[PDB]
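S.K.: Protein sequence lines correspond, in order, to chains H and B.
Counting from 46, one number per residue, gives the positions in the first sequence under this note's numbering.
Counting from 15, one number per residue, gives the positions in the second sequence under this note's numbering.
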Amino acid sequence: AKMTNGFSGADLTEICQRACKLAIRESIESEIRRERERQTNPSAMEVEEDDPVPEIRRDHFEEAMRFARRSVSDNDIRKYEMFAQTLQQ
Amino acid sequence: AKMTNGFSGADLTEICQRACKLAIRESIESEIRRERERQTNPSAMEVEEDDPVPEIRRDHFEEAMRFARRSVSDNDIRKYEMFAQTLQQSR
Numbered sequence: 046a047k048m049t050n051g052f053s054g055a056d057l058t059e060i061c062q063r064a065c066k067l068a069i070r071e072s073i074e075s076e077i078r079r080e081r082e083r084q085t086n087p088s089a090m091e092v093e094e095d096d097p098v099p100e101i102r103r104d105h106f107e108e109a110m111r112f113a114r115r116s117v118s119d120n121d122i123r124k125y126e127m128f129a130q131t132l133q134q
Numbered sequence: 015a016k017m018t019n020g021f022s023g024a025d026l027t028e029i030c031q032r033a034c035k036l037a038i039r040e041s042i043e044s045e046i047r048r049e050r051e052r053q054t055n056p057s058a059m060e061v062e063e064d065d066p067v068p069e070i071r072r073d074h075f076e077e078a079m080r081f082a083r084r085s086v087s088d089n090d091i092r093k094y095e096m097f098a099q100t101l102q103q104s105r
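1. Using a Cβ-Cβ cut-off of 9 Å, state whether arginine 32 of chain B counts as contacting chain H.
2. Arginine 84 of chain B touches chain H at which residues, Cβ-Cβ below 8 Å?
3. In the structure shown, what three-state DSSP assignment does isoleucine 101 of chain H receive?
4. Indicate the three-state DSSP secondary structure (helix, strand or coil) for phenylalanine 128 of chain H in the structure shown.
5. From what residue to what residue does the alpha helix (DSSP H) around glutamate 59 of chain H run?
6. Roughly how many angstroms separate the alpha carbons of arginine 47 of chain B and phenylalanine 75 of chain B, rounded to a whole number?
7. Would DSSP call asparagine 19 of chain B helix, strand or coil?
8. Across the region 108 to 122 of chain H and the region 68 to 87 of chain B, are there enough close Cβ pairs to call them in contact, namely three or more that are closer than 8 Å?
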């Protein structure tokens, strides 16, 4: 929250959503690599080894919120506070 | 009245209505507090107090007039006076 001064709800939701996209990409690429190595080496994975967990990790969020967008500008706040001061009498 | 210079009738009605909101706020909060007490101590009132009779104090009016709006502007009166003078002179 401290780093995200001046960020609306939409930006926070987008930041949260991007990390899940990265996690899905990682999981799918790992699954495809595992499937390829199953083709290369038959019977090498007779036992159903557990797939990568939902490792929504610090690095995922770090790379996701690198593209942090200031959706709302700064001049809007002065406009709204000027209108409020006009209301205040 | 001497402190309401440049005030419209609608603004004065709004100011009068404002204090009743504070009165209702006070009454509801006080009765909620009171029922918070006597739901723990069963019927402990040696002196009999009814629902607080409407007794809106000077503090409510002071708070209400602290937030007053001059809806009529200082240029509108000048424009109306100019139009009145135009009516007097032209026709």
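We treat Cβ as the ideally placed atom computed from N, Cα and C, and that holds for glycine.
M.R.: With the given structure in hand:
1. In the second sequence, residue 32 of chain B corresponds to position 18, counting from 1. So, not an interface residue.
2. Here residue 84 of chain B refers to the residue found at position 70 of the second sequence. In chain order: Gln134.
3. Taking the first residue of the first sequence as 1, we reach residue 101 of chain H at position 56. If DSSP states are grouped into helix, strand and coil, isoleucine 101 of chain H belongs with coil.
4. Position 83 of the first sequence holds residue 128 of chain H. Helix.
5. Position 14 of the first sequence, counting from 1, holds the residue named residue 59 of chain H. Taken as a continuous stretch (DSSP letters only), the alpha helix (DSSP H) holding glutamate 59 of chain H covers 54 to 85.
6. On the second sequence, residue 47 of chain B is found 33 positions in, with the first residue counted as 1. On the second sequence, residue 75 of chain B is found 61 positions in, with the first residue counted as 1. The alpha-carbon atoms of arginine 47 of chain B and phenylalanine 75 of chain B are separated by roughly 24 Å.
7. Walking along the second sequence from the start, residue 19 of chain B turns up at place 5. DSSP places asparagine 19 of chain B in coil when its eight states are reduced to three.
8. no
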